[PDB]
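Look below for two forms of one protein chain, each set out as structure tokens: first structure 1, then structure 2.
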Structure 1
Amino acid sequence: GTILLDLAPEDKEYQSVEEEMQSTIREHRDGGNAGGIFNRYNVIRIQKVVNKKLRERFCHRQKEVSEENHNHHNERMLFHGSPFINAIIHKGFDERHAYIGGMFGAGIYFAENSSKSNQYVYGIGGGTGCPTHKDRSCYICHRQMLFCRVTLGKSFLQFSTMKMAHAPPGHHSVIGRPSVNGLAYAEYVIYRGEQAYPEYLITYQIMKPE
């Protein structure tokens, strides 16, 4: 199955991952309703996800995408947050659990900003918050998000991605780009679970502002 390898805080890989997370905290126009109010994270664990079967499916797909994108697979390290982390790290991402509805197409979404992904940790718009206190801004309960390897290949740019079922012909991913009456930040979407590898499992808590 999967093997989770703990990284030590003195390891530069650990430091690297935490910096990208802490440094990509942004202002969200919702007053912190979805992800909570914080200026910082308390990263309490970072585990490397080792799964040979998964890495091989990922690499094989990366090869097909390459063939179709003039030999560039176009890999990008992005964040993902959702209530299904434990399923993802063991079974990998699966498009079959992605459905067209609301503001989402039938794909798997990613963000370059950790605070964006944080908003989805407990569900769309934060859902009802943590399981124990039903608090979207809970500072007690431990949250988890993934910093993943995402194969974007040839991306199709657009303003909305809510009614997509697959990437457009000739493409392998879709990026919802910013717009005045639309998105505030870009969102990266894949429609095949094997186009993303859950490299890092980050366990953390948002911290209250001091």
Structure 2
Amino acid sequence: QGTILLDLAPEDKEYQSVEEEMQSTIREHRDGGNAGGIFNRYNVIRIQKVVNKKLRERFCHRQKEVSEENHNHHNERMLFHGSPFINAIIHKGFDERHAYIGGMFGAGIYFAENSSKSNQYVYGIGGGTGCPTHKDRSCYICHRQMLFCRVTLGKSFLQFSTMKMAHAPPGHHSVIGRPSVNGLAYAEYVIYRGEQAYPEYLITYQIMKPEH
């Protein structure tokens, strides 16, 4: 009836694929790590596959609607997502009704191909006030969660400057905020429909305090 979480064996390719995509997309942000914390490695505590009959159906249906409107190419893409609402997402799915309105490209659901990018949002905008128990944005003790999702982009509208949107532009299904000299440091992917993203993997982890 609800969401089933399947544990993945660290000895299985799927677990391995996910972890590498998460560990190898770490990058230094102009932030100095104030939002997500100072680190260059994560300690993956566990990866669970999210299974929801209903979520999958709304996702797949949305998928061929998008196809009809894009030459039969849904343009699926694996992207990371970080927010203080993961437990709600894995059970009810993404919902644009609880979307970020204070964002670069409006009221959308944001994604990033860089795990360290979503990590800055796991505890709120700018990392908020940090983890729940120690109120520390760079804490290395608490378990953080993030998602590696299937995101249907269809025909994406590409833009450089910050123009607030409420839906995708006509003929499009997503907005990609592209890197600018005076703008973004890395790409962000936006969708204005929850059913365009499926929360495939639940990743529990800790950021790791550096070495030399």
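Numbers given to residues start at 1 and step along the sequence of structure 1. Each form is matched to the other, and the largest set of C-alpha atoms that superpose within 1.5 Å is called the rigid core.
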(message) Can you tell which residue in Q62, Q47, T161, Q144 has its CA shifted by 2 Å or more between structure 1 and structure 2 when the core is superposed?
(response) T161
(message) Tell me whether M77 is among the residues that move between structure 1 and structure 2 (Cα shift of 2 angstroms or more, core superposed).
(response) no
(message) On a rigid core superposition, would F104 pass a 2 Å threshold for CA movement between structure 1 and structure 2?
(response) yes
(request) Let me know the CA shift of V180 between structure 1 and structure 2 in Å, rounded to one decimal, core fitted. (result) 1.2
